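Novice: kindly return the folded structure for what I paste below:
(4 chains, ligands or ions: 6)
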Amino acid sequence: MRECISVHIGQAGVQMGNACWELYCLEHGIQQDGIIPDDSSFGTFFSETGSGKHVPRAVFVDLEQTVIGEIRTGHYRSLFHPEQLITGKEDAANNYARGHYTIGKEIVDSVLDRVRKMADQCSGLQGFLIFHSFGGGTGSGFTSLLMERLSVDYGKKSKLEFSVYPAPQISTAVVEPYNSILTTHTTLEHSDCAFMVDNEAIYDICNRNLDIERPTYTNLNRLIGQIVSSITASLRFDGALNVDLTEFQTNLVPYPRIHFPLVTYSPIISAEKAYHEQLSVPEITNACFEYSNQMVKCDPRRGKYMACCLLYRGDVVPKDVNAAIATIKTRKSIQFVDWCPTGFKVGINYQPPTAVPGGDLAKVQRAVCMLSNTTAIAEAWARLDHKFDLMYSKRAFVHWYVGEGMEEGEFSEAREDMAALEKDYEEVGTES
Amino acid sequence: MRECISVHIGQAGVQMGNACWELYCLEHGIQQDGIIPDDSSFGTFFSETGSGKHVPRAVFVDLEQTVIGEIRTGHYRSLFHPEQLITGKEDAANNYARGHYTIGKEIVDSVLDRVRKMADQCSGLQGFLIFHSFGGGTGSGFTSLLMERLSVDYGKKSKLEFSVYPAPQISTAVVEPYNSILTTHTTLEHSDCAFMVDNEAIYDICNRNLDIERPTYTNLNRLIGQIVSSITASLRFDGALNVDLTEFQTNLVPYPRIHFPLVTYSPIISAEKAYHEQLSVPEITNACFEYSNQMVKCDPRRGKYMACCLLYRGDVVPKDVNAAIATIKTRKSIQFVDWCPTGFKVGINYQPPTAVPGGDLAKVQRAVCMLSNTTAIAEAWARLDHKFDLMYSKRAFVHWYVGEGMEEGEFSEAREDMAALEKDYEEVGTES
Amino acid sequence: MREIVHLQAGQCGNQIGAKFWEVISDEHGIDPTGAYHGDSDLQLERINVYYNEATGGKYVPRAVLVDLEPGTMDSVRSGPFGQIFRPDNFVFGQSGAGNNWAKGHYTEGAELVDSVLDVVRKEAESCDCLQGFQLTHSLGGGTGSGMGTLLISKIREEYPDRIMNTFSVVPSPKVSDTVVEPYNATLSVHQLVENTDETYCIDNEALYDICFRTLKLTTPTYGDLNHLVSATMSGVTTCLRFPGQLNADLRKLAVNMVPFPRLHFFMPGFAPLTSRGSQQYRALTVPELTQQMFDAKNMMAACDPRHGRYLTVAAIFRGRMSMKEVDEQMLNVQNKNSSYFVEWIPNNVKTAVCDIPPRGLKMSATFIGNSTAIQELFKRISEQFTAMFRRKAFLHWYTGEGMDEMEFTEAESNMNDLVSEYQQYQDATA
Amino acid sequence: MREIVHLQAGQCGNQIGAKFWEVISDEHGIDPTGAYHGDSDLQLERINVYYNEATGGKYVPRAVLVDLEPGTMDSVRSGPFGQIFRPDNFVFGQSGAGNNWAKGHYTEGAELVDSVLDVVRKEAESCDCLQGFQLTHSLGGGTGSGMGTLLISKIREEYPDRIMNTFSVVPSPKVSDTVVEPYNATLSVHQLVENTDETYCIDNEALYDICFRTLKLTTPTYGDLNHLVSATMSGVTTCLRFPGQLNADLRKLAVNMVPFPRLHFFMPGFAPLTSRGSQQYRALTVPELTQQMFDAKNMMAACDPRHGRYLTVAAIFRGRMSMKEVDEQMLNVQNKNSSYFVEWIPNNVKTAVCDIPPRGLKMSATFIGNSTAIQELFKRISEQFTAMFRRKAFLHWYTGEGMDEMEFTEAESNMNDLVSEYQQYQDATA
Ligand SMILES: Nc1nc2c(ncn2[C@@H]2O[C@H](COP(=O)(O)OP(=O)(O)OP(=O)(O)O)[C@@H](O)[C@H]2O)c(=O)[nH]1
Ligand SMILES: Nc1nc2c(ncn2[C@@H]2O[C@H](COP(=O)(O)OP(=O)(O)OP(=O)(O)O)[C@@H](O)[C@H]2O)c(=O)[nH]1
Ligand SMILES: Nc1nc2c(ncn2[C@@H]2O[C@H](COP(=O)(O)OP(=O)(O)O)[C@@H](O)[C@H]2O)c(=O)[nH]1
Ligand SMILES: Nc1nc2c(ncn2[C@@H]2O[C@H](COP(=O)(O)OP(=O)(O)O)[C@@H](O)[C@H]2O)c(=O)[nH]1
Ligand SMILES: [Mg+2]
Ligand SMILES: [Mg+2]
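Specialist: Numbers count the residues shown, from 1 in each chain, chains lettered A, B, ... in the order given. Ligands and ions are numbered 1, 2, ... in the order given. Okay, here it is:
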């Protein structure tokens, strides 16, 4: 009945998607193909055919064709519908203009059609899940191009996006500040709720809590795979207090332009050191509010919380959830904004998280995913805007962007909009 | 009881006929000969003899004798009656005048006699199926000569013709605009309904949907073979809501001079990518209205529909057909002309389409053939008339036509008639 | 059916023809003794297009060999595939033409033309359905230029409706092989423009380039050049002899290639052509064949198409191919070079695809192009002709054989008009 | 898709290129005969980036070899992996350039450039999606400096949007190998700064140090130096040919490495480089590879980065590695050497990680650094150029070939401006 269309943009989204759909297939008994061996709630993500083959309800789009070409040769070659996997001629080359104005224009009409063929095949449309990179290229331009196209064809339908936000210190591209601001300016008015994660933050978690000194990108993706499973577990499984994707919009977004929650997942524990842990509900709930466990390298205590969604899983008792949240509300260090006395949205599900073979997480009994909107993220935007200001003041790389469909003015408009958003975060955080 | 006389003119018709009669023999258990191995509805196309030999009710006529000479040496050498295969001395040499005035006059009295020997052998005559090329030669002159002869000997009997309409960009002859207009001028008043197909349009379909980069003419013909089987499936097989060849005339032709429907066939899908498709009735019905699946390279949305015939096959439920058409009627992009509130003629048949061994189409369960009359085809006529106007203004190739039985005036009369028809299409498309 | 009768002339025609009949006999399995030993039966089905049958499986070409000197044919009959021809078809005189058009046309060939016609009519009347006449000659010689055009006029007056196609070797611009070429060419062309349907202009200098550049041949004899001419002559008459996805009869080409009556001069081509060492570096597919077909370096005529515009074009493919590729390539060529194609012709390409390729090749193609750039050839000859004619350079050799100076002026005027007409239709609409 | 077409020039380019195609063919399993015998199928998936296919599994490099003298290529085709190249791609003249830029650019190469373009266009048009052109030459010679820059201008005018990357050997400061180097370098650079996207400056003296110091090689031939240049040229084009955790296209590097249009001169590097006896004393892990990548002693350009600041940097890793290590090391380098990185660029490192390493190595890395210290190289050449030019040291050899003294002044002014621009952006904000 319910449905979720997954759009995976760029190398990040495509590689994150590989982990998501390896988990979903495992959460439903699927056999790396559309086949199920000789397992009934899959309908939210998997379309079914008379052959016994289940087809993921996802669209893989990339202007580059090396990452997707690896899927077609991978173990999941025979899972996805071949026309879902869309590849272009030449990548965006870390340039927002190429992704949005020159190359995106030649693929957007193709991905949008395949989305259409999926939207009309659903008994009822619930929302879109967008996976993309914030660093730039396809993830910055194509997404903002696609987001604007979905906003008109589908209007009020929910649009949730999972963004790999740039890390404070770590960086892999030189023009991230240009791409980060340009995409944000064109996605504020077309996105409902953007869940942020940082590679650096997960890198800390992967060694600080999981005992691994050599995290690859596969490890980070498998951690992100768990989060999305938890977010969509209510649709996929039964529970005591369920939550729907359209509930996040109102619960977490007090104002239309402030829709950037952080992310967390408490029981990120090594298998060996799990033998010495009780892993009770009150303790994991407290771990969510520690700076040491955030998946975005932004310290919550530098700001004030504005909304929180606690999505429990597995063996959980709602009485314990009530107690743990009550104590957390008591702590003075954990500060909520005054104009939000009602601070928590709670969701409980009966399905324990499943562990991917060859993975790193322990076989936990119960888990909680926390989605918190905080004013602390205002610091990250200010830091990002400073980096953009340094480069733009010198016109460090402008000639690349101006010469591929964009214009000089858009740099000024994008930055001032980010200034307004940073101002808005300040007004929200002050009272009387 | 029912009957259909198939006349195949020129190289196109003869080669298209080779595919049609390879399909019919397969649709009836025939064994590449008139024999049926140790299968009862064939009577519509096959005459029967006491020897157990079934004789196709078709006439192959060509002024050239290389294509037909290949049939006599082919696998179906012992299928057709030797006097059905009529060959001439010298071809028409891409000249309409030769086919209509000089060489046709020496064969028309021979093909018409064999038609007579078939018309009187039928328990009841239903109509004629004409296969020919629009590019020129025999297909342009001989057909218009034959069409006028059938119009008098048989009067009101239905005359359906399948034309290989010239493509917009692709071309194989230099004088197509001369032949296309000349034959059209002499076939408007003698033809009931002309189904159009373009080589370019099927070329797009054969690689865009069937995964083949090397379509030969055999591939295109096998696609056209399916269409004619669907059109005549009601006569050949049982169904829930049957349709007869005489019904197309009234359902699709609002006005006597506007009888040029397009053609479509939805489930044109590769065998491998069919495993990832549900192929339900609503989706295939929607595919018929996409420009990406038309068998004529004319965009329907550039104009307004005027009539549509949906001929379903195989496992189809009339309730689903009702729903799918209802939704399509709802879509605003799919625009029907105002003066035709009743837009659809529907036909349902229980026989699933059969796949030719060595073919490219998948073993589909249900299929739909759509025959739509649209004002968009007015653009094609205007484009064709422009090409004729350029050549004729210079008298580029006139000397060939004038010197072989034709006259200078006929060029002017033919073109002005096409101008009137283009004007007529405009009047029909406007209201109040 | 649709029989073709082959006429020779001069030393050039007889040498080219002897090679053409060796190639044709090769693709039909005909031994030099006349017996048939082919493998595929298809090559035998339409063998009547060129050959007549006899007892014991002997096949006799429908060829007429004529020259004013017997030295050339005595070489033909003595060489390989020379005993194939019917002895009665060797029609010849004793005193040759001294490379002067007047002698071959008015004096020497005039008294011998009747002997040839008596063989032509006998050959033609044996055809179930006569398609046309095929003449091979040279415009720079005396027999071919003079007698060949005399035959053309005689046959055209006797078979007005049949198609007559000439494969004429044209004098090269770089170097000549006969001092009186401008007189022979101008006078011969004065006849061709009125009494033939499609002339395939070729020149040796261009074939020298092809052997030197493409084939990388270091010892190109006239046998190598004649093989190139043979291949194109075989190409344009393959639909008559073999089946294909799309056929093209000789009249089919003439209709599509000749917009106006007098613009019937074509410059042929062929592909693939590769050296023995460069064969392992080629894909041998439709996209590249179409690429070198339109390459000005691969055409058998001196005139470069880049200097003018294509009125029309034909591409007779051979071998089993994807029809989709063929149409896409022709359209691709049309789009890129839109400046090279005349604009008042919406489509400038006529396509055909035969199913059987030449022996030893999986694929092949023959290019035929009617281009306004051919006006350079005739204009160049006009400049040479008027130079010599301005001061009676060699007239006495011509006027003494029966000609008159008026005919010289008429021939030049007609050639200039044709050059004007080719130039006129090189300009766009209005 | 994303095909690269390789252009040679002079003796330097032809010698470097011959080694590059031996290395590339090694990692793709291509035998010297052209057949493929690789084990992993991944090396065959993207083989179209450099190679064209033919019948029988033969793969033909998309390479154009050009020189004004055939002695060099005759060595190329006679040596190993020389028969691989398509014979038609060897475009050459007879009279070489006397190490003077004027002859190669205006007089000798001018009449031969058209022959090369006709091969370049034919090669380029066969690409499904053309990524860019790759040119190997030398700025100190006559063919490479003169003709190579002439080709660059011609291609840039014909393919404006495509990326053009040059791997140019730069004259060394210590000792010269051509008396007129300042004229060839200055004139060649005057063209590069306007008509190329990313130039990889290298000099032999630096590679001599690497062989002497790091590899401890006692008999370093030019084959050893060219192998070093080959490895870096293979490194920057591995993402196009193999998958990885994080890809970097040629345009991906140019965007991240070229802040301003004219500052597109890079000094490459490579790692690991160890002697045969010192291999058993190394861990061979990411932390040390990143350590010697930024070591000034391991860079293939004379200019030392310590004398200036890095505008940007790229680190194209190869082999399966921990992404955490890579980012931590790049950040670690960034923190320690914060004085060496320009401050108005918040992040000065572009990272990439290919999954497949070079044959025989578990890990590898290619360093590309755009540094203001490169201004030393051009300033040094300016000092030599102005010294000779001050008293017409050798002009008559240049002005006699068609050049003019004004062009000499313009070239020097342009080079001085570029040196000024590099110096200007070496200062912090305000
Ligand atoms: N978590 C995670 N992040 C990734 C992964 N791959 C790339 N990224 C992030 O993506 C950011 C840059 O955007 P990319 O995805 O690499 O570029 P793109 O979206 O493909 O757009 P183009 O530049 O046109 O290729 C980097 O800073 C990485 O942090 C991955 O596998 N997992
Ligand atoms: N679909 C399809 N079309 C064909 C086929 N063969 C020829 N045609 C079309 O026929 C058009 C030209 O008319 P032809 O059939 O070739 O000529 P004709 O009818 O034999 O008349 P003549 O010129 O006298 O030979 C071309 O433009 C082709 O598109 C075929 O096998 N399949
Ligand atoms: N390709 C080719 N050309 C020839 C041959 N013989 C003569 N020619 C050409 O014919 C011209 C000479 O005229 P020729 O035919 O010998 O005089 P004719 O005998 O009176 O017709 C010159 O331009 C020659 O290049 C030949 O065997 N092969
Ligand atoms: N690494 C390397 N450098 C070379 C080679 N051949 C020449 N060079 C360099 O090229 C410069 C000489 O110019 P050269 O290319 O020979 O002149 P050209 O043939 O006209 O381009 C000198 O600085 C040499 O150091 C070679 O095989 N390998
Ligand atoms: Mg990418
Ligand atoms: Mg025909």
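Novice: show me the residue at the heart of chain C, geometrically.
Specialist: The centroid of chain C falls nearest to residue C:167 when counting by Cα atoms, centre = their mean (1.8 Å).
Novice: count of neighbours near the nearest residue to that one once chain neighbours are set aside?
Specialist: Ranked by Cβ to Cβ, 6 or more residues apart in numbering or on different chains and with sequence neighbours excluded, the top spatial neighbour of residue C:167 is residue C:200, at 4.6 Å. Where C-beta positions appear, they are placed from N, C-alpha and C, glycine not excepted. Neighbours of residue C:200 under the rule other Cβ atoms under 10 Å in any protein chain shown: 23.
Novice: go ahead and confirm residue C:200 touches residue C:168.
Specialist: Yes: counting by Cβ atoms under 8 Å, residue C:200 does reach residue C:168; the two are 7.0 Å apart.
Novice: helix/strand/coil for the residue nearest to the centre of chain C?
Specialist: Assigned by DSSP: H, G, I helix; E, B strand; the rest coil, the conformation of residue C:167 is strand.
Novice: was I right to think it contacts residue C:133?
Specialist: No: taking contacts as Cβ under 8 Å, residue C:167 lies outside contact range of residue C:133: 11.6 Å.
Novice: which strands or helices does the host helix or strand of residue A:25 pack on?
Specialist: Using DSSP states H and E, residue A:25 maps to helix A:10-27. In this structure, helix A:10-27 packs against strand A:5-9, strand A:58-62, helix A:67-73, strand A:127-133, strand A:158-165, helix A:217-231, with contacts taken as 3 or more Cβ pairs under 8 Å, 6 or more residues apart in numbering or on different chains; DSSP states H and E.
Novice: what is the subsequent helix or strand relative to that helix?
Specialist: strand A:46-48.
Novice: for that next one, buried residues please.
Specialist: Using 16 or more other Cβ atoms under 10 Å in any protein chain shown as the test for burial, strand A:46-48 gives A:46, A:47.
Novice: how about that strand, does it reach chain B?
Specialist: Yes: residues of strand A:46-48 contacting chain B under Cβ under 8 Å from any Cβ of the partner chain: A:47, A:48.
Novice: tell me the strands beside that strand, with direction?
Specialist: Strand A:46-48 has the following strand partners under DSSP bridges: strand A:54-56 (antiparallel).
Novice: ok, residue C:86 touching residue C:58?
Specialist: No: at 10.3 Å, residue C:86 does not count as touching residue C:58 under the criterion of Cβ under 8 Å.
Novice: in CSV: the helices and strands packed on helix A:10-27, plus mean neighbour count and distance to ligand 6.
Specialist: Listed next are the helices and strands packed on helix A:10-27 as CSV, based on neighbours: other Cβ atoms under 10 Å in any protein chain shown; distance: least, Cβ to the ion, whole Å:
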stretch, mean neighbour count, distance to ligand 6
strand A:5-9, 26, 52
strand A:58-62, 26, 48
helix A:67-73, 18, 45
strand A:127-133, 26, 56
strand A:158-165, 24, 59
helix A:217-231, 23, 62
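Novice: quick check, central residue of chain A?
Specialist: In chain A, the C-alpha closest to the average C-alpha coordinate belongs to residue A:162, at a distance of 1.9 Å (Cα atoms, centre = their mean).
Novice: gap between that one and residue A:43?
Specialist: From residue A:162 over to residue A:43 the distance is 22 Å, taken as Cβ to Cβ, to the nearest Å.
Novice: may I have the beta-bridge partners of residue C:266?
Specialist: residue C:200.
Novice: okay, now it: neighbour count?
Specialist: 29.
Novice: so who does it touch?
Specialist: Contacts for residue C:266 (Cβ atoms under 8 Å, 6 or more residues apart in numbering or on different chains) come out as C:198, C:199, C:200, C:201, C:257, C:368, C:369, C:370.
Novice: about what we covered before: surely the residue nearest to the centre of chain A and residue A:225 touch.
Specialist: No: the criterion here is Cβ under 8 Å, and residue A:162 misses it with residue A:225 at 10.6 Å.
Novice: overlap of the contact sets of these two?
Specialist: Common neighbours of residue A:162 and residue A:225 (Cβ under 8 Å, 6+ apart) are residue A:16.
Novice: okay, strands next: where are they in chain A?
Specialist: Ranges of strands within chain A are A:5-9, A:46-48, A:54-56, A:58-62, A:85-87, A:127-133, A:158-165, A:193-198, A:264-265, A:305-314, A:344-348, A:366-374, based on DSSP state E.
Novice: export those to TSV and tack on distance to residue B:290?
Specialist: Formatted as TSV, the strands of chain A follow (distance: least, Cβ to Cβ, whole Å):
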stretch	distance to residue B:290
strand A:5-9	20
strand A:46-48	20
strand A:54-56	20
strand A:58-62	18
strand A:85-87	17
strand A:127-133	23
strand A:158-165	26
strand A:193-198	34
strand A:264-265	43
strand A:305-314	41
strand A:344-348	41
strand A:366-374	40
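Novice: which one, of those strands, ends up nearest to ligand 2?
Specialist: Nearest to ligand 2, of all the strands of chain A, is strand A:85-87, at 31.1 Å by Cβ to the nearest ligand atom.
Novice: output the helix holding residue A:25 as PDB, nothing but the C-alphas.
Specialist: Output of helix A:10-27 as PDB, limited to C-alpha atoms (Å, rounded to 0.1, in the frame of the first residue of the first chain):
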ATOM      1  CA  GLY A  10      25.900  10.900  -8.100                       C
ATOM      2  CA  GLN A  11      28.600   8.600  -6.900                       C
ATOM      3  CA  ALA A  12      27.700   9.200  -3.200                       C
ATOM      4  CA  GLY A  13      24.000   8.500  -3.700                       C
ATOM      5  CA  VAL A  14      24.700   5.500  -5.900                       C
ATOM      6  CA  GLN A  15      27.200   4.000  -3.500                       C
ATOM      7  CA  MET A  16      25.000   4.800  -0.500                       C
ATOM      8  CA  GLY A  17      22.200   3.200  -2.400                       C
ATOM      9  CA  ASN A  18      24.200   0.000  -2.900                       C
ATOM     10  CA  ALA A  19      24.200  -0.400   0.900                       C
ATOM     11  CA  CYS A  20      20.600   0.600   1.400                       C
ATOM     12  CA  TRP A  21      19.300  -2.000  -1.100                       C
ATOM     13  CA  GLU A  22      21.600  -4.700   0.200                       C
ATOM     14  CA  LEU A  23      20.000  -4.100   3.600                       C
ATOM     15  CA  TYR A  24      16.400  -4.000   2.300                       C
ATOM     16  CA  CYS A  25      16.900  -7.200   0.400                       C
ATOM     17  CA  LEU A  26      18.200  -8.700   3.600                       C
ATOM     18  CA  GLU A  27      15.300  -7.300   5.700                       C
END
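Novice: anything in it near ligand 5?
Specialist: Yes: using Cβ under 5 Å from the ion, helix A:10-27 reaches ligand 5 at residue A:11.
Novice: residues making contact with the longest helix along chain C?
Specialist: When chain C is parsed with DSSP state H, its longest helix is helix C:405-424. With Cβ under 8 Å, 6+ apart as the test, helix C:405-424 has contacts from C:183, C:186-187, C:189-190, C:193, C:260, C:262-263, C:308, C:372, C:374-375, C:378-379, C:381-382, C:385-386, C:389, C:395, C:398-399.
Novice: now list the buried members of those residues.
Specialist: Buried among the contacts of helix C:405-424 (16+ other Cβ under 10 Å): C:183, C:186-187, C:189-190, C:193, C:260, C:263, C:308, C:372, C:374-375, C:378-379, C:381-382, C:385, C:389, C:395, C:398.
Novice: enumerate every residue touching residue A:62.
Specialist: Contacts of residue A:62 by Cβ under 8 Å, 6+ apart are A:9, A:10, A:11, A:14, A:68, A:86, A:87, A:88, A:91, A:138.
Novice: residue C:248: neighbour count?
Specialist: If you count neighbours by other Cβ under 10 Å, residue C:248 ends up with 30.
Novice: wait, it sits on residue C:316?
Specialist: Yes: with contact defined as Cβ under 8 Å, residue C:248 reaches residue C:316; the gap is 5.8 Å.
Novice: from residue B:223, how far off is the residue of chain A at minimum distance from ligand 2?
Specialist: Per Cβ to the nearest ligand atom, residue A:83 is where chain A lies closest to ligand 2, at 26.5 Å. Here the criterion is Cβ to Cβ. By it, residue A:83 lies 20 Å from residue B:223.
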